[PDB]
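Reading through the structure tokens given below for one structure.
In the text below, chain A, chain B and the rest are named by the order of the sequence lines, each starting its count at 1. All values below come from the heavy atoms of this structure, side chains included, with hydrogens, waters and symmetry mates left out.
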Amino acid sequence: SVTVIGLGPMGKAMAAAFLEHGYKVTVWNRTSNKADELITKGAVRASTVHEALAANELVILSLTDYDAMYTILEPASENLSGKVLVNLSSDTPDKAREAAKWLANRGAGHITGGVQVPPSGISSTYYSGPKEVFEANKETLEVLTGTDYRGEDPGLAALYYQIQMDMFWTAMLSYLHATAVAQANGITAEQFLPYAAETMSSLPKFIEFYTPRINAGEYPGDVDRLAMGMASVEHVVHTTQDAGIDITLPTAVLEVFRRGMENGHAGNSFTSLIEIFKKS
Amino acid sequence: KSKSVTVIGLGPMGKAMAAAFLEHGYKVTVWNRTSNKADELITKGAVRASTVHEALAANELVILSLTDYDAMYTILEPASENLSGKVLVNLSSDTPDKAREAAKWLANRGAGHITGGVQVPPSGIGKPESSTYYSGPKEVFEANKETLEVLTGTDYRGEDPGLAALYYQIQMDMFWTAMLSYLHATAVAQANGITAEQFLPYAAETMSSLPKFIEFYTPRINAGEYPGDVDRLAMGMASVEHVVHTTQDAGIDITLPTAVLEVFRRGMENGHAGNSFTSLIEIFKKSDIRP
């Protein structure tokens, strides 16, 4: 009743939570190796993708990256036709929408997925692509994680994933950076934990407060001033240098502030720096 | 020890502290350069010292709320003589090293000293919910603990006079870096036609879920261990790479995410492909750079 391609991280995390409901579940892997214990739960494993495709209408693609998709599916392009391919990737929007057209030109349906959680979270997922084909396989997908359809463009699901990872990676390194500064001044990562937790848990309040102003393109400095912001970032950079810690991350922050100041925003809210990000 | 106090520095923060002390029965003397910024607090019972010398003579306990420590020397330097026997509380938000310097400068003029880092806007002063970092010699802080709880709860952090400023600065490190990544992410969203109100829910959950990741990694980081059992640096750099490619396809400035990518690059270069991405903390400590 379903097929999974790409046994691995999310891969089996999904195969497992499938055979645990009663679908005829086939499988297959790129390197063509083992990882087949799941044959103990009702899984056929074909000797090529030709059959693993002709097994079911639904197919889940959990590949390393999109380049690997063309490689294995091109041999069988004559059988992609009439299938619904759920492509779960971590790649850029343009690669998702390149991929979708490639699959549409073989007669297949497609859904682009942006998984929001490690395989342990097999909880929400981004989905984009043709609405009708998503609604038709909605319930099946809700087995893996919650579904959060974002619209028609096949790149929307990748896009939403990428801007979450933008924030995650940058905020998590600032936490590692802050922890380096802490240790060099003699406080442990364990003592710093509640303080790093409160800071990160306080940010939603600021986002909710600024969002409507950002939405309107307005940056009044009634509750904060870019200048005080900048002075404050300068204190962070000097704190870091005095501690003997690499300064490149906070310096990158200071540079965005500096550009805002020179564009005349000193009296505006620091949220005006989004204009600097838009290359104004 | 009567209930009297001096507040030097009368910007939004000093005015609140002074008002908090007045409403708790302290005789409060004040000083600021303007002279008019004290009008409202005087109508409420404060006494203005016309000069720094009188301000310092009025009390043993002196509360400083200044822009930074350069401001402290400008106004304290010409009265170095009346600093003896005084307990100065510096509630300004400068670097740890400037707090250590100022503590030694004060003790050399005979003054006890306490550093504080304030975690709240002026209007959170006088609420027990609020906290302030305090650091410096243990006994002087304990002898003044009660008075300082008029303003906020107190979180004494240790002997090193720099610790209060430190804890404040590294929460700034995270706050500004994390908020800018939100602005950066929003710009990318908007450039792809998705509004900030549409992104609000995802941006808030992403920041909301960080304490979970921080809690998970804390005991490993704390033990200097970075095994690759749940994440690999190499996979992380590839994810950062995707982010930069998305950002430049939107036409959005790449400064912020490429700085992030530089750190990952130094990590790969140093043989940590197979470690957790949290091993990037050694990169930050320049473990790879000769001492």
For [X], which atoms come within 4.5 Å of any heavy atom of chain B: side chain, backbone, both, or neither?
X        : value
A/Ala196 : both
A/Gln183 : side chain
A/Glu234 : neither
A/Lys279 : side chain
A/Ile247 : neither
A/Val233 : both
A/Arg259 : side chain
A/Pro212 : both
A/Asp94  : side chain

If you count heavy-atom pairs under 4.5 Å with chain B, which of [options] comes out on top?
options                                : result
A/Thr211, A/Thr271, A/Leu156           : A/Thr211
A/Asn215, A/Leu249, A/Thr64, A/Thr92   : A/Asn215
A/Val256, A/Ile276, A/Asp166           : A/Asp166
A/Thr188, A/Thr248, A/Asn185, A/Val181 : A/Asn185
A/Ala158, A/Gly151, A/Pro250, A/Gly244 : A/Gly244
A/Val237, A/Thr251, A/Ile187           : A/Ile187

Check your understanding: Under 3.5 Å, is there a donor-acceptor pair between the side chain of A/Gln164 and the main chain of B/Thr206?
Key ->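 Between the backbone of B/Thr206 and the side chain of A/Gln164 there is no qualifying donor-acceptor contact (under 3.5 Å).
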Under 4.5 Å from any heavy atom of chain A - which part of [X]:
X        : result
B/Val260 : both
B/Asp155 : side chain
B/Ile289 : neither
B/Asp94  : both
B/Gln119 : side chain
B/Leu166 : side chain
B/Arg220 : neither
B/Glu197 : both

Is [X] atom [atom1] crowded by more than 12 heavy atoms from other residues, nucleotides or ligands, each under 6.0 Å away?
X        : atom1 : value
A/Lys131 : NZ    : yes
B/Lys15  : NZ    : yes
A/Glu262 : CD    : yes

Spacing of [atom1] belonging to [X] relative to [atom2] belonging to [Y], to within rounding of 0.5 Å:
X        : Y        : atom1 : atom2 : result
B/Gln169 : A/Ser232 : CD    : OG    : 6.5 Å
B/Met174 : A/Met172 : CE    : CE    : 10.5 Å
A/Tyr175 : B/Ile170 : OH    : CD1   : 10.0 Å
B/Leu183 : A/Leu273 : CG    : CG    : 6.5 Å

[options]: which one forms the most heavy-atom pairs within less than 4.5 Å of chain A?
options                      : value
B/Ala204, B/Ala185, B/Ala238 : B/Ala185
B/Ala178, B/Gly162, B/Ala250 : B/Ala178
B/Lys285, B/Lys212, B/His242 : B/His242
B/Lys98, B/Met235, B/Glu215  : B/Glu215
B/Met172, B/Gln198, B/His245 : B/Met172

Point to revise | Between A/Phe206 and B/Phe175, ring centroids under 6.0 Å | key: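 Yes; B/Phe175 has its ring centre under 6.0 Å from that of A/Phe206.
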Point to revise | Candidate pair B/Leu180 and A/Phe277, rule side chain to side chain contact (heavy atoms under 4.5 Å, CB included), full reasoning | key: CA-CA 9 Å; B/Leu180 276 199; A/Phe277 288 136; 4.2 Å; yes
Review point. B/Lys286 and A/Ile245: side chain to side chain contact (heavy atoms under 4.5 Å, CB included), yes or no, with the steps?
Key: CA-CA 7 Å; B/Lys286 302 160 147 188; A/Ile245 296 302; 5.9 Å; no
Check your understanding: Residue by residue, which of residues 223-234 of chain B have a heavy atom closer than 4.5 Å to a heavy atom belonging to chain A?
Key ->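 Heavy-atom contacts from residues 223-234 of chain B to chain A are absent.
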Check your understanding: Going through the checks in order, is the side chain to side chain contact (heavy atoms under 4.5 Å, CB included) test met by B/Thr177 and A/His177?
Key -> CA-CA 10 Å; B/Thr177 302; A/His177 181 273; over 6 Å; no
**Study point:** Derivation of the side chain to side chain contact (heavy atoms under 4.5 Å, CB included) call for B/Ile221 and A/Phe192
**Key:** CA-CA 11 Å; B/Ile221 290 171; A/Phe192 180 42; over 6 Å; no
Practice item. Using only heavy-atom distances, determine whether the side chains of A/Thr239 and B/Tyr168 contain a donor-acceptor pair under 3.5 Å. Key: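 No - no donor-acceptor pair under 3.5 Å links their side chains.
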